[PDB]
Amino acid sequence: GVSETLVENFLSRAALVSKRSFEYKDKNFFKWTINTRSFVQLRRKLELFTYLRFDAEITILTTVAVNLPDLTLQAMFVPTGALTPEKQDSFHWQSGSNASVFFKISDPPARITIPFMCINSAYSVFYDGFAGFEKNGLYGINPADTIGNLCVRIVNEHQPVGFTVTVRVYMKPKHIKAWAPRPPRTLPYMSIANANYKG
Amino acid sequence: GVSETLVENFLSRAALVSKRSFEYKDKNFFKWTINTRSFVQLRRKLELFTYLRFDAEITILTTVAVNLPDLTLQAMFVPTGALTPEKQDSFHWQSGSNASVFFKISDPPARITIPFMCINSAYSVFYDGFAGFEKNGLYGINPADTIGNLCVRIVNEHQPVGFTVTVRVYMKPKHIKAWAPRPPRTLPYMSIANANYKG
Amino acid sequence: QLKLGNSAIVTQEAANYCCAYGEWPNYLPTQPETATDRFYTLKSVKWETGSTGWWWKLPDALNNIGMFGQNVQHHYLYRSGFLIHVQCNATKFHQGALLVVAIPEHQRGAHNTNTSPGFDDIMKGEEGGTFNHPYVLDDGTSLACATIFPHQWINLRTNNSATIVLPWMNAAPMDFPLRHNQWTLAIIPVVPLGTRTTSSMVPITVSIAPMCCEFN
Amino acid sequence: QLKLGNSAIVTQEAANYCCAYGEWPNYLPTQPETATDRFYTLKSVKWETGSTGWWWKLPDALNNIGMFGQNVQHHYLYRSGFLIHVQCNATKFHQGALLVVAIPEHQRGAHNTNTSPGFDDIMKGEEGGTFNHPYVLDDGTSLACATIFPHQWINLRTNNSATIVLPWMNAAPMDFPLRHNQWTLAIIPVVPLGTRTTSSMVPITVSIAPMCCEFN
Amino acid sequence: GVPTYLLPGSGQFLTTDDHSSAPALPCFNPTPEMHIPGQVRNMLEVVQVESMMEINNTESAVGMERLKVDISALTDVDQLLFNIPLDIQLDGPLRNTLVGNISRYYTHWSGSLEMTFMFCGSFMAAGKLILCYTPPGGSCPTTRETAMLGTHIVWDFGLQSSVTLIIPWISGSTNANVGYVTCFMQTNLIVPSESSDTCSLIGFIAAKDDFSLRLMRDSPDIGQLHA
Amino acid sequence: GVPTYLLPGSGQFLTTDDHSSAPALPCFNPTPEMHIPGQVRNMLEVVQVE
Amino acid sequence: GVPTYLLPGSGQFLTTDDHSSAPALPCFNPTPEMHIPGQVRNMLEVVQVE
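- In the PDB archive, cryo-EM is given as the structure determination method for this entry, at a resolution of 3.75 Å.

As structure tokens, this is what we get:
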């Protein structure tokens, strides 16, 4: 009986990947790039394998605090593809091509399954090489590896209360297929882009 | 027809095992160690058997009183294992390895099934011996017997209201297998750790 | 005749031995298997008109005698059943009753204090301890309900021996011997001794013998 | 004898070659198939009592030599496995150990700075780079756990050759060669060289040979 | 229609749930399952692979100088070389290994580890060690005569430059200690005049196929970033 | 999808309920059922003992 | 009746959903499927045209 040590059973934990509070009166919302590089508790587990393939399960938990209304939220997942919003009332929120999802605070939390979005057969977690042909191109950032952006706004117009909306995003990868294991990292991280070490 | 006197039918009553009110403005939450030693109505029933094995069914009932908001709660069960929180905004609440559960007050009450967590075949309810090799080690406390800690916090940031949140925890053990019955205790209890008597 | 290993008791009226909880000691499916299976006879205890009782915790009562005193203080895990023989020589003219009970996981409790019992108050060794309140078994329970455990009666009218065969009562498959005691053999004089001109001792002999020993 | 294409190594004690991750190079179900399959032998590196290690990134280590130097700088996609032969001539009287490991996707990390490694610090070409901190593999990992990769041991007591057969380790079916490097052959002297009067060089020869080449 | 009622535990978000969730982009064809070499299906496939132990555990040993053990003519003839406390949970030579870093992601471990030592001196260099395993609860042996009464092995540096030492069932799961491996030098180290006097050992711990892990907790390894 | 309506007695917590509850730690292998001597299956087995 | 509980992701409006929705005008007979020339079934039929 070793069935708990399975690789799908080892990584499919709905960890907090993003935690941002945005005010209401990045302009009054947040745009969070979907990547595993955020929290080192999950970043270290996924940087044990070289090539990963998974369907994510983005759970957005949102609670309100007024410096209590019943607010409507939009959570538009923009792929590696179309443009993203830059303001709160742009034309990109009313796009039909992007898989938006509308919910309220009083509802049970939002949940969508972002599928395997890469154009390779697996996500290159570690990547050795540059992206573009420019020699100042970003090292170790695969353009195929990019999931997208998860842009969340408040659907309501401006209300006379001034409140801070806390958003907690949970990404539980499922149907995980992993390849080529790696030594676990000892020294701490320095940046989320690369894999430097302090010493 | 004696099917009501069955042992699973005799102990599976969802009794109040924990009742703590914590303020909001143990620092503004409660950590309750999951044990049967709390209430003598349930403690006497489970101290009729020597070895018990059960899957608990932790039901958390939470009601609010302001000295009324709609609050989000987290109920992170920490096993005999990883560390527990010591403050309200520590890094341990955003842990993926611990089976947290998020709910609101307006929802029907929380309910999770904590499985059989011991590393022996049954919970040694009565234990004769010491835990560690130190001669001042704790008598009658089996380190294998420990379930864990059920740490509950309010997910919201600080709100301008100052309220007291009452938490009632109900543990209904199920799939109960019991062994080696014992005489029921006559004299009252003195401490929750051991089995002294006043006389 | 009860010949185990090398030494034996020549007992005369072998009373009906109580297989505890219906089971019987057998091995788990290193093992010496022959040397430790022998009757370790404890001292004869002074039983009088005003004695309250005696308790021996197993296997703390044997961690100082013979191969089993050696095979505990070398090893790290044991797994062995027990066979306890309690034979109490007395004439026909004496009176009295004993409750020879073998309590599993007898977590004791101190009197009129909330302090845990120490290492000096639990592990006595071969010498055994005297009950302080035998009516409550020194843990708040009741002696009147104590026949739920494996028990036999030495009624000096009827018989004068009590053999209990104790199996491995543990959740763990193998346990550390020095830091845990499973069975607590307890001999409680329910109906005390009485005779007028000879009110003195009626000795009680306890003959513990480990069975089906395992060690790692 | 290891004859590939036109040129070969006459090796003497062909040690047990390590098929990396259990696989073996084979074609995908234009292709030259014969010219590029040849042992491109790199320089002999100066291995001394105080050397930290050498790393060659593939296929950046071959983008300047022969047909494969031509067939990269004309084409746009390659798909080829590898066979690395690392033979280290030494007498019986020398001592020392090597960890000849072939790390896939070895994303390096600079020391004491949050700046990304540049084009001058990653793509070295045929000449190869020296480790700056070989205990951590220059990316924060541990050398003690580095046997999880395809590895062999050159212990100069036992043997003096290490052959690794590297397959196509990529998510993509065909990849751009100049802007990506999959394998990073890394030779780390775990136990360093030592001898008293002759503490100088013990050279190490690296013989990379592409296998099952494809190009478009 | 269909009469329903809400159970307790409704509308809650459980972080270890397993439910069919609504997909964001239906009818997106994924990139197909192209076979990639070296797939991992179980985390014991990592832990069975060996890994070097950080044997030389003394002070002023930084980096590369911890994996090897200097044995020479000046090694106190037959005093002692090292000791490996078998504590994967705690600090030692096993804190930073593949069996180390993965078995800190799991609370209750079990199974039988095995060590592989390896000598890394010259071919002429001979000598004898006595590797000694101490069971849990057994005293850490200080001299050789105490040590040769344990379950030991007497290893010569000739054709045997590697010894697979098996450690039996431990089931470890608070400073807790469940064994020792102490290596004593039996004979004095013979090297010729041409070889260097200092020779070196390295170890390899690897778990067997009976190694078992359960109750996944989080690791205490990394703990506290730019960008 | 499936048309439903809430009965009375919905969203209540009954202290003597019997419902399949969501497990906190799925795929945790429990410690196996090692046979322990003297199992009790019914509380009359206590009361028959004198 | 039938014991149910609400999963996370309940009562949300997903813009790429596929669910059987309640029709506004039931038992309205539509205009029948009269065959119209040149039907498109796949957008590659556009892109193959030069």
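1. Let's talk about the sheet that holds strand 7 (residues 110-112) of chain A
Residues and elements named next belong to chain A.
Logical step 1: Spatially, 1-10-4-7 is the arrangement adopted by the four strands of the open sheet, whose pairing is antiparallel. Taken across any chain shown, the strands that pair with only one partner, and hence form the sheet edges, are strand 1 (15-24) and strand 7. Neighbour-to-neighbour, the strand axes of the sheet open up by a mean angle of 20°, direction not taken into account.

2. Examining the interface of chain F and chain E
Many analyses report the size of an interface as the accessible area lost when the parts associate.
Logical step 1: Tallying the contact residues gives 20 residues for chain F and twelve residues for chain E.
Logical step 2: For chain F, the biggest contributors to the area lost against chain E are F:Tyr5, F:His19 and F:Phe28; these three give 30% of the whole.
Logical step 3: Viewed at the interface, chain E and chain F are joined by zero salt bridges.
Logical step 4: The interface formed by chain F and chain E holds eight residue pairs in polar contact in total.
Logical step 5: Class assignment for the residues of the side of chain F that touches chain E results in twelve nonpolar, eight polar and no charged.
Logical step 6: Judged from the three bridges that link them, strand 1 (residues 2-6) of chain E and strand 1 (residues 4-6) of chain F form a sheet pairing that is parallel. From the neighbouring strand, E:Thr4 faces strand 1 of chain F, where its bridge partner is F:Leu6.

3. As for helix 1 (residues 67-74) of chain D
Logical step 1: Among the residues of helix 1 of chain D, those classed as buried are D:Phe68, D:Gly69, D:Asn71 and D:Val72.
Logical step 2: Where helix 1 of chain D is buried, its residues meet strand 4 (40-45) and strand 12 (204-211) of chain D.

4. A few points about the layout of surface pockets
Logical step 1: Size it by volume and the second largest pocket reaches roughly 630 Å³.
Logical step 2: Taken together, 26 residues make up the lining of the second largest pocket; nearest its centre are E:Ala22, G:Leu7, G:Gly9, G:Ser10 and G:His19.
Logical step 3: Grouping the amino acids of the lining of the second largest pocket by side-chain chemistry returns eleven nonpolar, twelve polar and three charged.

5. Things to note about the environment of A:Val40
Logical step 1: Along the polypeptide, A:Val40 turns up in helix 2 (residues 40-46).
Logical step 2: With relative accessibility at 11%, the residue A:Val40 sits in the buried group.
Logical step 3: Not counting residues within four places of it along the chain, the set of residues in contact with A:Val40 comprises A:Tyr189, E:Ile222 and E:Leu225.

6. Some points on the pattern of salt bridges
Logical step 1: This model, assessed by the stated rule, comprises 23 salt bridges over all chains.
Logical step 2: Across the pair B:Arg37 and B:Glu47 runs a salt bridge, and its minimum N-O distance is 3.4 Å. Highlighted residues: B:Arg37 in the loop between strand 2 (30-33) and helix 2 (40-46) and B:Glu47 in the loop between helix 2 and strand 3 (49-55), separated in sequence by ten residues.
Logical step 3: Taking the relative accessible area as the measure of exposure, B:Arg37 reaches 12% and is therefore buried.
Logical step 4: In this structure, the salt-bridge partner of E:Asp156 is E:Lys128, at a minimum N-O distance of 3.6 Å. Of this pair, E:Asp156 sits in strand 9 (residues 151-156) while E:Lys128 sits in strand 8 (residues 128-134); the two residues are 28 residues apart in sequence, bridging distant segments of the chain.
Logical step 5: With a relative accessible area of 30%, E:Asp156 lands in the partly exposed category.
Logical step 6: Through salt bridges that share partners, A:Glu57, A:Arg111, A:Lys172 and E:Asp17 make up one connected network.

7. Details of the side chain of F:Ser21
Logical step 1: Structurally, F:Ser21 can be placed in the loop between strand 1 and strand 2 (39-40).
Logical step 2: Judged by its relative accessible area of 14%, F:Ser21 falls in the buried class.
Logical step 3: Polar side-chain contacts of F:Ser21 include one of 2.2 Å to the side chain of B:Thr113.
Logical step 4: Side chain to side chain, F:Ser21 and B:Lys174 meet in a polar contact 3.3 Å long.
Logical step 5: Excluding its chain neighbours within four sequence positions, the residues that come into contact with F:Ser21 are B:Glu57, B:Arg111, B:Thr113 and B:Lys174.

8. A word on the side chain of D:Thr184
Logical step 1: Summarising the element assignment, D:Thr184 is placed in strand 11 (residues 183-188).
Logical step 2: In this structure, D:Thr184 is in contact with D:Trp55, D:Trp56, D:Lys57, D:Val101, D:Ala102, D:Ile103 and D:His106, ignoring residues within four places of it in sequence.

Conventions and cut-offs
- Residues numbered from 1 in each chain as written, not as in the entry; some residues may be left out.
- Chains lettered and ligands numbered in written order.
- Part of a larger assembly, values for the part shown.
- Heavy atoms only, no water.
- Pairing = 2+ DSSP bridges.
- Helix = DSSP H or I, 4+ residues; strand = E, 2+ residues; numbered from the N terminus.
- Axes fitted to C-alpha atoms, helices over the stretch in contact; angles between N-to-C directions.
- Contact = heavy atoms within 4.5 Å.
- Buried area = accessible area lost by both parts, 1.4 Å probe.
- Salt bridge = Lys/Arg side-chain N within 4 Å of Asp/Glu carboxyl O.
- Polar contact = N/O pair within 3.5 Å; in protein donor to acceptor, adjacent residues only side chain to side chain.
- Nonpolar A, V, L, I, M, F, W, Y, C, P; charged D, E, K, R; others polar.
- Buried < 20%, exposed > 50% of the residue type's maximum accessible area, 1.4 Å probe, protein only.
- 1 Å grid on protein atoms, 1.4 Å probe; cavity = no way out; pocket = protein on both sides within 12 Å on 5 of 7 lines; lining within 4 Å.
- Points joined across faces, edges and corners; volume = space filled by probe spheres on them.

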